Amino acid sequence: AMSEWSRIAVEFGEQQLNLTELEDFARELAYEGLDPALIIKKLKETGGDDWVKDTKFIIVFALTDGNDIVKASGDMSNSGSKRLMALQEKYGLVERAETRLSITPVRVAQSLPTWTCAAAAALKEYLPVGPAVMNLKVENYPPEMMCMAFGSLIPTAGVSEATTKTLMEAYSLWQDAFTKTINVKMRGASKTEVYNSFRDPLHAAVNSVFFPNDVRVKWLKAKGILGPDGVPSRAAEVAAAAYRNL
């Protein structure tokens, strides 16, 4: 420790820890996930009398192609690649969020979670991870669960902890399969490693207060994913069980 710098280094480590201070640091530095209220604002500021239609179009890009704007434009129809390149220019759509408030097509989808899941269901044959992939895994996997925005519809209130956890594990059956399609590397990962890679936005979505819990519940009931008393459907229990397995 004789050098004056190694002396300072050694000293740095000889202090007591301000636990509280380091924990505030940990909280700031910690994934919080997207802000939907400001993604909506931006879409509505930007699109005006054309924002609902532009958004629907971006959400369907989200559902079917993910965030891969450029790669996808190179393989799609000319009229599609045109709209898409335009809407990117128009809203400043990015493939990966550099900042909070960056607008990725997935985040738009998430911010409007009830629509996106209904459209996912309505367009299930166009999903890269849809009915054909989910049938390999279980029977009757609910199509509404077939997008990146489902986690924001799972309740935490008005529903038992156990329900929330079954809904999460059932959703995770899809997340697992989806993750392996988006990140081929996860095809050689353990379940837990794959689970960690989507754990953070999953919890953020479930725990967020932006989209109100009572409507998540009413919606899940309406779709049949929650029974008349707020308990997951049998298909959902079957899917959670298949996730827990093997």
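From 1 onward, residues are counted along the sequence shown.
Set 26-34 against 177-185 and average the Cα temperature factors; 26-34 ends up higher. When the mean C-alpha temperature factors of 17-25 and 221-229 are read from the deposited coordinates, 17-25 comes out higher. Of the residues listed, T116, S172, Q88, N140, the entry assigns the biggest Cα temperature factor to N140.
Taking the deposited Cα B-factors for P131, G92, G151, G74, the highest one is held by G74. Sort the modelled residues of the chain by CA B factor and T46 lands in the highest third. In the PDB entry, a CA B factor belonging to the middle third of its chain's modelled residues is recorded for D214. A242: CA B factor in the lowest third of modelled residues in this chain (values from the PDB entry). Annotation for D200: CA B-factor lies in the highest third of the chain's modelled residues. Among all modelled residues in this chain, the alpha-carbon of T64 has a temperature factor (C-alpha) in the lowest third.
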